[PDB]
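Enquirer: Dropping the structure in here first, questions after.
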Amino acid sequence: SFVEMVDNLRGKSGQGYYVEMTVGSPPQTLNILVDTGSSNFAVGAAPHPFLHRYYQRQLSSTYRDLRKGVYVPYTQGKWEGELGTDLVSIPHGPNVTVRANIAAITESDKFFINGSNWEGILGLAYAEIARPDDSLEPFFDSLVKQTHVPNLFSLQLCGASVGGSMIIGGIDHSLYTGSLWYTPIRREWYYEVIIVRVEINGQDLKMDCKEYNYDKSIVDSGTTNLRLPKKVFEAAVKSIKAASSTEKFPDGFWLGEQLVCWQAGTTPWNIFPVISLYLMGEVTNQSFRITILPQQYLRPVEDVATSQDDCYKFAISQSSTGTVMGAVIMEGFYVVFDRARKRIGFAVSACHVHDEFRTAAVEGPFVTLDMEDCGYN
Ligand SMILES: CC(=O)c1cc2cc(c1)C(=O)N[C@H]([C@H](O)CNC1(c3cccc(C(C)C)c3)CC1)Cc1cccc(c1)OCCCCN2
């Protein structure tokens, strides 16, 4: 019955994927950003320059005030508001209605995006990282308790403006090719995984694999970039610089500040390497790898000049909070969040990025010794 949910995500490139939801009685309709890197369901509830509509508690005959304040700070950008509950639906989702916690955003800073077309956020992670504390049941925990929807969901994000699918409660086998490869969820707070090996153009980075997961590695649909721990980032940028030394780039390009442009249709794709992330498998000593093409970590942007040059931002950035496999990483793939079986599945998506001679891939099995030593404590 999942075809009703196929293609239910829209977005403007780099500004997040959203699904359509209704809250309150009568139903008020909002576009909600789908975020696996947080756990709070929150909507705008007061006018804002970048909001074209918002939740009106006054008009919902099912609203209930919880008389507690709340705030969530993200990587950068933050909001505060007032907790409450109300009935919630997903028109292009399962045909159910749940009473769910909602934070009515009343003040915010650098959170809403000009022209993103979404007005709220759906944190799909676990209660442990909910604010103010872990006793505020996140939306998906409420959905699974109060209905018969099974405890998993899958995301198919398609690159560029953009679209995709959120299959709530199951797997749609027509959204991927090949087999699904699963990696354990190490701890139920973020969607935390263990990268066990990293290769660039088939060349192992040869780092202590604890470096890959220092201090964590997570799957985060709410962040554009692939974010790497400092030492892994420096190692990776060195190998990408070397592979593409045929041409010259500003050093501010490697920091994500300056674009790079080529005459339309002449992007030298062949000089940027593929990146392989090996993920811990489901059986002893076993792993699988996902291959990222340059078309995923060179994200397209708007031409600053009056040209039709193709221009790109570098979407690999340095991190101090661990590895983030962001929307950039997820676009090649169908990603199953099998909460019921504590695992995350990857497969090549039906809408996979296309290179002339290379292809994104999910390949296995691989044998990897001592995968347990790769998690950071
Ligand atoms: C580089 C940068 O600055 C940056 C860039 C991007 C997102 C975020 C930060 C961002 O902050 N994205 C948040 C996610 O939740 C982030 N998740 C993490 C996080 C960080 C701090 C605190 C928490 C708690 C609250 C669980 C969680 C775990 C990483 C969710 C989010 C908030 C506001 C707008 C968003 C998206 O759309 C923008 C489109 C995507 C743009 N790309």
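Heads up, chain A uses Swiss-Prot numbers, so what you see runs 59-218, 230-446.
Every residue gets a Cβ built from N, Cα and C, even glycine.
The active site feature in Swiss-Prot is assigned to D93, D289. Summarising the annotation, Swiss-Prot assigns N6-acetyllysine to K126, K275, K279, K285, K299, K300, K307 and lists experimental evidence as the type of evidence. Under the heading N-linked glycosylation site, Swiss-Prot lists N153, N172, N354. Annotation source Swiss-Prot lists disulfide bond at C216-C420, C278-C443, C330-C380.
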Enquirer: What are the non-local neighbours of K279 (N6-acetyllysine), defined as same-chain residues 6+ apart in sequence with CB under 8 A from its CB?
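Expert: Within the chain, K279 (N6-acetyllysine) has Cβ neighbours under 8 Å at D442, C443, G444, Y445.
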Enquirer: C-alpha of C330 (disulfide bond) to C-alpha of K307 (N6-acetyllysine): distance in Å?
Expert: 21
Enquirer: From the recorded positions listed here (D93, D289, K300, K307, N354, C380), select those whose CB sits under 6 A from an atom of ligand 1.
Expert: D93, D289
Enquirer: Suppose we draw a 10 Å sphere around the Cβ of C330 (disulfide bond). How many other Cβ atoms does it contain, all chains included?
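Expert: For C330 (disulfide bond), the count of other Cβ atoms within 10 Å is 16.
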Enquirer: Below 8 Å Cβ to Cβ and six or more residues apart, same chain only. Which residues does that give for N172 (N-linked glycosylation site)?
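Expert: When sequence neighbours closer than 6 are ignored, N172 (N-linked glycosylation site) has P107, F108 within Cβ distance under 8 Å.
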Enquirer: Could you state the whole-number distance in Å separating the C-alpha atoms of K285 (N6-acetyllysine) and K300 (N6-acetyllysine)?
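Expert: Between the alpha carbons of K285 (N6-acetyllysine) and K300 (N6-acetyllysine) there are 14 Å.
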Enquirer: Starting from the Cβ of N153 (N-linked glycosylation site), draw a 10 Å sphere and report how many other Cβ atoms land inside it.
Expert: 11
Enquirer: Using C-alpha atoms only, work out the spacing between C278 (disulfide bond) and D93 (active site) and round it to an integer in Å.
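Expert: Given the Cα positions, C278 (disulfide bond) is 27 Å from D93 (active site).
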Enquirer: Can you figure out which of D93, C216, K275, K299, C420 (the recorded positions) comes closest in space to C380 (disulfide bond), comparing Cα atoms?
Expert: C216
Enquirer: Should any of the recorded positions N153, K299, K300, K307 have a Cα within 10 Å of the Cα of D289 (active site), which are they?
Expert: none
Enquirer: Relative to the Cβ of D93 (active site), which residues of the same chain, six or more apart in sequence, are found under 8 Å away?
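Expert: The list for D93 (active site) reads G74, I179, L180, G181, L182, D289, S290, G291, given in order along the sequence.
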